[PDB]
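Asker: fold the stuff below for me.
(chains A, B, C, D, E and F, ligands or ions: 19)
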Amino acid sequence: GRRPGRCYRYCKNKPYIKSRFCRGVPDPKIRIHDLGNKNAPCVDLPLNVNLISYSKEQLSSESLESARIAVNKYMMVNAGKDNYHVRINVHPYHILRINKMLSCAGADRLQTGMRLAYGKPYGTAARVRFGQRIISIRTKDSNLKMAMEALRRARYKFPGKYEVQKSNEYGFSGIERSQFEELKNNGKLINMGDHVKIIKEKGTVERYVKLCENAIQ
Amino acid sequence: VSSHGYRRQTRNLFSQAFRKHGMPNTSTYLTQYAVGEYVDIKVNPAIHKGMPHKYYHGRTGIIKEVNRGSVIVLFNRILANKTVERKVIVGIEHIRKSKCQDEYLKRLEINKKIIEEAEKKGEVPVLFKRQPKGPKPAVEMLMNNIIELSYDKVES
Amino acid sequence: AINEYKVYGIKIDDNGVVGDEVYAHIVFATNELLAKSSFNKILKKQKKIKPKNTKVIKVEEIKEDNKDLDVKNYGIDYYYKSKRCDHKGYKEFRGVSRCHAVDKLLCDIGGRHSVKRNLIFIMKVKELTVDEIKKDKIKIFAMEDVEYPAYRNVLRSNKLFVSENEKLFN
Amino acid sequence: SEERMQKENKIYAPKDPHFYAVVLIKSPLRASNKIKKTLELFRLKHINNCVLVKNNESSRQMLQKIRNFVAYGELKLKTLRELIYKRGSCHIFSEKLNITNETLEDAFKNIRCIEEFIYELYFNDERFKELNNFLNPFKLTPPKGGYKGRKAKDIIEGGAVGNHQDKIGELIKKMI
Amino acid sequence: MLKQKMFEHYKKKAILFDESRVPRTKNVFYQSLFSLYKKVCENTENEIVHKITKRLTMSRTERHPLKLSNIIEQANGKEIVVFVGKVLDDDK
RNA sequence: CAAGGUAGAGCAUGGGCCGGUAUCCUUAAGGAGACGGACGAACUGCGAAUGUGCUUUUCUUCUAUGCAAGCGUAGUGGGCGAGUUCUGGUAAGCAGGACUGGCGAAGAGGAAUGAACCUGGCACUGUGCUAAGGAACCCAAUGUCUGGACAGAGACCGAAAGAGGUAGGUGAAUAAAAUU
Ligand SMILES: [K+]
Ligand SMILES: [K+]
Ligand SMILES: [K+]
Ligand SMILES: [K+]
Ligand SMILES: [K+]
Ligand SMILES: [K+]
Ligand SMILES: [K+]
Ligand SMILES: [K+]
Ligand SMILES: [K+]
Ligand SMILES: [K+]
Ligand SMILES: [K+]
Ligand SMILES: [Mg+2]
Ligand SMILES: [Mg+2]
Ligand SMILES: [Mg+2]
Ligand SMILES: [Mg+2]
Ligand SMILES: [Mg+2]
Ligand SMILES: [Mg+2]
Ligand SMILES: [Mg+2]
Ligand SMILES: [Mg+2]
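Answerer: Residues are numbered from 1 along each chain as shown, chains lettered A, B, ... in the order given. Ligands and ions are numbered 1, 2, ... in the order given. You can find the structure just below:
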């Protein structure tokens, strides 16, 4: 089976990516990144909660898949399908290697020991640094205690330290709640699904007019 | 393992800058050179004759001889813990006039005045040396308009 | 022991007195060199003048009177650096000087949070009357209502061995 | 002057001095060759040596390189006198000698007593090179009462190396 | 000022006799002659005397000989010429 | 006065992951998308610090008890380790490079003991002083003040995960002493 997680925890080697130089790589286990009500307008799900890293390490594609299932099952049972959106932010682009050796060692025609030791592709992982957002949720404001408990369950699937924290931002916009309301009133915002575009006094006038008739108000 | 051809390892060197491809400008061809000038080497990758070896790129030397479309420049180099002179042939498309003597030549122009007067009136020149920057100067201050500073920013 | 100083200084370039402003900073430190160090630190972080473009014109010590050693109440606003981040807080003390108040805070945080004195920053020091006191700790001593007996014994003599029949302590 | 200035609400700050004093606090035996060459150019060779240097941009960059070995700062007249009188000495070329009237008169045609020497050294900038290069490096003892902390830390950190500014006199006075 | 003073001192010390050198010959007539020049050097600064005294201490190979015509060629119009070595005939 | 493409920063040619409002194309599915998030040792539009070279003593500072062409001739051509960094490997007191000091060829005082760590480079004597590290006793020199801490704990010592006891900070309540 697989080697234990301690073999590939820290970021020892340079990035190594699937390319013309590196062939015969297996598919990653995680394939699905967004769950819940993906296309819900930015205004409809104001509360934002994140899992944040207090460590610098590699996360396997096997661990990411286990966390997805854990977080999703909880929200689906408790929030209902139409009330939430989950995103897993990190993608496993780095390739791990193994230098496979026989059990019945000591003497063979195969080149034994540390002769010609460069390894073959083994699996994949995501590389992560301090203060990074690993998993993110948006929901109704009623569901704070539910969202907290959902993210807690991910915390036991990864090596190292991670914290559940609540954001200042409106939704998956980058805008603080106070500022968002001040731009929403006064007509400056255009909806683009999970985020917003800000109107500015920059282009030709006939374009400015055509944008403003589309605003959220 | 690595190889040892004449243009080894020159992927970054010997490439044109962004939005600066093409042949050289007229000024390159209309510049006149003379023996004893200091000159500076920068290879143009588009011209394939008269290129020097990549060790000499970005180095400055002195013109020894002048020919129809090329120049011979003298350099020094350390090999086997000893100093060796080297005579490098370069085409005029790969060189520019060096700025390294600029200040010294200005200083010589001032010295050239004084050194004549020093025969007539004095006996020895004042010679106008440079001096490194000295201590911090003295100051007299009016003492209205005071500004206070404080650790008011808490930096959460 | 800790002292209070006030440092004054100006900007200079290739020529003198390039701005007509003068900047000031009150600081608690052990000596003048630790005072001058703090002045440089704040200038570089709140403005962008590095030492080579600065000159200090004056350093003065600030001193109180208090000939009768009268006891006063003080409140102090502070922050310190831990392993996590920077932590702000407020505490109240009693003493015969602002410096006496400040030396007691520095000792307290070192005792309670395991921090060296250079990682603690004083923001404000204020002298207070009895109606102003916020926290529980000093109020009983301020309202003049405390007496207690001695818990520690004290030696009578410097001799190492004494006769069984002598008095040993206090 | 201070009275006149205060009486019109103005501050006066004098020009920085023309020379610093440097003392070699800790051993250089494992420093790099680049450090050893810099110490040679300042004439420092053994522990507790002390020497005077021109305040100038070249000197200030040399000091930055060696700051972990040396204590440095500025010296007022009272301490300069105690140094020269108690530990001073001189040389002609390879002959080492005591500072006497005959030797001053020989070397510097117009300085005749040891008090005139100290006066010119402090107040005349344009003769500093000649006046300084006559004196040998001062050979001091370790400080009386020791050092308070690990001397290899910076003065700001509570050690003994770095810039002591106006306060080097206190270190030197324990070492004469 | 000082840089000149220094260099002018080095140039002088480069000319003067070393006084810790001595000729290796056991010839007492040669050792007599050296003693005279040595006692003159310590009472003078004149460069010709110092040069002569240094050359008496050099080896047989360092004291290479000259032919008569080459002396005249190098005499450059002077009347007296001096040479720490042996003068040979020129057949030409 | 030149040259440089690393750290950081970015994703405009090339490679390449997930989701998209209006609108558009068909279907009555899907596709495109004015955009957002995630990335490369052999991606670059921008770009350090440190290091390298050139000129000027007509540029500070040192310098003869110093440098030294030339001629003759020795030993050496198994290295190993520390700090900072890199490549292969699950790793290793593993194998292999780069930079600045060591042991080899280096004693003395200190880390109880230790090739390489801290202080600091040795002719032979005498009087004083300091370093590093110590100061109940072994063993030359030790005491004081303020907080924490009760575990056959600590001074010498292992992870993700956690409750209990106690000392403090900040933010929410309620309050007929306070409490959560
Ligand atoms: K196992
Ligand atoms: K074996
Ligand atoms: K090959
Ligand atoms: K790219
Ligand atoms: K790169
Ligand atoms: K040999
Ligand atoms: K050996
Ligand atoms: K050695
Ligand atoms: K021992
Ligand atoms: K060992
Ligand atoms: K004892
Ligand atoms: Mg590797
Ligand atoms: Mg190369
Ligand atoms: Mg051809
Ligand atoms: Mg050391
Ligand atoms: Mg000490
Ligand atoms: Mg990078
Ligand atoms: Mg070998
Ligand atoms: Mg040893």
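
Asker: for residue D:24, name its beta-bridge partners.
Answerer: Beta-bridge partners recorded for residue D:24 (DSSP bridges): residue D:70.

Asker: contacts for the longest helix along chain E, please.
Answerer: As assigned by DSSP state H, the longest helix anywhere in chain E is helix E:28-41. The contact list for helix E:28-41 (Cβ atoms under 8 Å, 6 or more residues apart in numbering or on different chains) reads E:16, E:17, E:19, E:22, E:23, E:25, E:49, E:50, E:52, E:53, E:56, E:57. Every C-beta, even on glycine, is put in place using the N, C-alpha and C of the backbone.

Asker: of all the residues in that helix, which ones are buried?
Answerer: When burial is assessed from 16 or more other Cβ atoms under 10 Å in any protein chain shown, helix E:28-41 yields the following buried residues: E:34, E:37, E:38, E:41.

Asker: circling back to that earlier point, most neighbours among the contacts of helix E:28-41, which one?
Answerer: residue E:53 (21 neighbours; other Cβ atoms under 10 Å in any protein chain shown).

Asker: give me the number of residues near residue A:171?
Answerer: 24.

Asker: name the SS class of it, please.
Answerer: Secondary structure for residue A:171, judged by DSSP: H, G, I helix; E, B strand; the rest coil, is coil.

Asker: which residues in chain D form strands?
Answerer: Taking DSSP state E to define them, one finds strands in chain D at D:11-13, D:19-24, D:49-54, D:70-73, D:90-91, D:96-97, D:138-139, D:162-165.

Asker: let me have these in TSV, adding distance to residue A:140 as columns.
Answerer: TSV is the format used below for the strands of chain D (distance: least, Cβ to Cβ, whole Å):
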stretch	distance to residue A:140
strand D:11-13	64
strand D:19-24	70
strand D:49-54	73
strand D:70-73	67
strand D:90-91	90
strand D:96-97	91
strand D:138-139	80
strand D:162-165	60
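
Asker: what about residue A:27, neighbour count?
Answerer: Neighbours around residue A:27, by other Cβ under 10 Å: 8.

Asker: can you check residue A:72 too?
Answerer: If you count neighbours by other Cβ under 10 Å, residue A:72 ends up with 17.

Asker: show me which helix runs longest in chain B.
Answerer: Chain B, longest helix under DSSP H: helix B:102-120.

Asker: can you confirm residue C:45 is in a helix?
Answerer: Yes. Counting by three-state DSSP, residue C:45 falls inside a helix.

Asker: relative to residue B:156, how far out is it?
Answerer: 16 Å (Cβ to Cβ, to the nearest Å).

Asker: with neighbour numbers in mind, choose between the two.
Answerer: Set residue C:45 next to residue B:156 and count neighbours by other Cβ under 10 Å: residue C:45 wins out with 12 against 8.

Asker: compute the distance between the more buried one and chain E, please.
Answerer: As judged by Cβ to the nearest Cβ, to the nearest Å, residue C:45 and chain E stand 46 Å apart.

Asker: OK, contacts around the residue in chain C that ligand 16 sits nearest to?
Answerer: Residue nearest to ligand 16 within chain C (Cβ to the ion): residue C:30, separated by 17.6 Å. Contacts for residue C:30 (Cβ under 8 Å, 6+ apart) come out as C:1, C:2, C:3.

Asker: so the first one, which of the three states?
Answerer: On the three-state scheme (three-state DSSP), residue C:1 is labelled coil.

Asker: test my guess that it contacts residue C:104.
Answerer: No. If you go by Cβ atoms under 8 Å, residue C:1 and residue C:104 don't touch, sitting 11.9 Å apart.

Asker: the two: who's more crowded?
Answerer: Each of residue C:1 and residue C:104 has its neighbours counted (other Cβ under 10 Å); residue C:104 has more, 16 against 6.

Asker: can you name the next helix or strand after the longest helix of chain E?
Answerer: helix E:47-55 (DSSP states H and E).

Asker: return the residues in contact with residue E:59.
Answerer: Neighbours of residue E:59 in contact, by Cβ under 8 Å, 6+ apart: residue E:24.

Asker: overlap between the contacts of helix E:28-41 and the residues near RNA strand F?
Answerer: Contacts with RNA strand F within these, counted by Cβ under 7 Å from any atom of the strand: none were found.

Asker: what's the most distant pair in those?
Answerer: E:16 and E:25 (23.3 Å; Cβ to Cβ).

Asker: now do the longest helix of chain E against helix E:47-55, angle only.
Answerer: 140 degrees (axes from the mean of the first three to the mean of the last three Cα atoms, to 10 degrees).

Asker: what count of nearby residues applies to the closest residue to ligand 16 within chain E?
Answerer: Going by Cβ to the ion, ligand 16 is nearest to residue E:2 of chain E, at 41.3 Å. Number of residues near residue E:2 (other Cβ under 10 Å) recorded here: 9.

Asker: wouldn't it be in contact with residue D:133 here?
Answerer: Yes. Using Cβ under 8 Å, residue E:2 is in contact with residue D:133, at 6.7 Å.

Asker: would you mind listing what in chain D touches ligand 16?
Answerer: D:146, D:147 (Cβ under 5 Å from the ion).

Asker: swap in 6 Å and give it another go.
Answerer: Contact residues, chain D versus ligand 16 (Cβ under 6 Å from the ion): D:146, D:147, D:148.

Asker: same for RNA strand F: which of these are within range?
Answerer: D:146, D:147.

Asker: who wins for neighbours among the residues of chain D next to ligand 16?
Answerer: Counting by other Cβ under 10 Å, top hit in the residues of chain D next to ligand 16: residue D:147 with 14 neighbours.

Asker: quick one: the residue nearest the centre of chain C and residue C:41, what's the gap?
Answerer: Central residue of chain C (Cα atoms, centre = their mean): residue C:102, 2.4 Å from the mean position. For residue C:102, the distance to residue C:41 (Cβ to Cβ) stands at 18 Å.

Asker: ok so, going back, what's the helix or strand for the residue nearest to the centre of chain C?
Answerer: Per DSSP H and E: helix C:98-113 holds residue C:102.

Asker: and that helix, what does it pack against?
Answerer: With contacts taken as 3 or more Cβ pairs under 8 Å, 6 or more residues apart in numbering or on different chains; DSSP states H and E, helix C:98-113 sits against strand C:3-11, strand C:72-81, strand C:86-95, strand C:120-128.

Asker: hmm, back to that, for residue A:168, which of the strands of chain D is the nearest?
Answerer: Nearest of these (Cβ to Cβ): strand D:162-165, 43.9 Å.

Asker: coming back round to it: any idea which of the residues of chain D next to ligand 16 is closest to residue B:151?
Answerer: Closest to residue B:151, out of all of these and judged by Cβ to Cβ, is residue D:148, at 28.6 Å.

Asker: now that closest one. Its backbone dihedrals?
Answerer: Backbone torsions of residue D:148, given as degrees, to the nearest 10, read phi -80, psi -30.

Asker: what parts of chain E come near chain C?
Answerer: By Cβ under 8 Å from any Cβ of the partner chain, no part of chain E sits against chain C.

Asker: pull the longest strand from chain A.
Answerer: Looking across chain A with DSSP E, the single longest strand is strand A:120-128.

Asker: follow-up on the earlier one: now mean neighbour count too, for the helices and strands packed on helix C:98-113, in TSV please.
Answerer: Converted to TSV, the helices and strands packed on helix C:98-113 look like this (neighbours: other Cβ atoms under 10 Å in any protein chain shown):
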stretch	mean neighbour count
strand C:3-11	20
strand C:72-81	18
strand C:86-95	15
strand C:120-128	15
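
Asker: closest to chain E out of these?
Answerer: Of all those, strand C:3-11 sits nearest to chain E, with 37.2 Å by Cβ to the nearest Cβ.

Asker: quick one: the closest one to helix C:98-113, angle?
Answerer: Using the same axes, to 10 degrees, strand C:3-11 lies at 100 degrees relative to helix C:98-113.

Asker: show me what strand C:3-11 is packed against.
Answerer: So strand C:3-11, by 3+ Cβ pairs under 8 Å, 6+ apart, packs with strand C:22-29, helix C:32-46, strand C:54-61, helix C:98-113.
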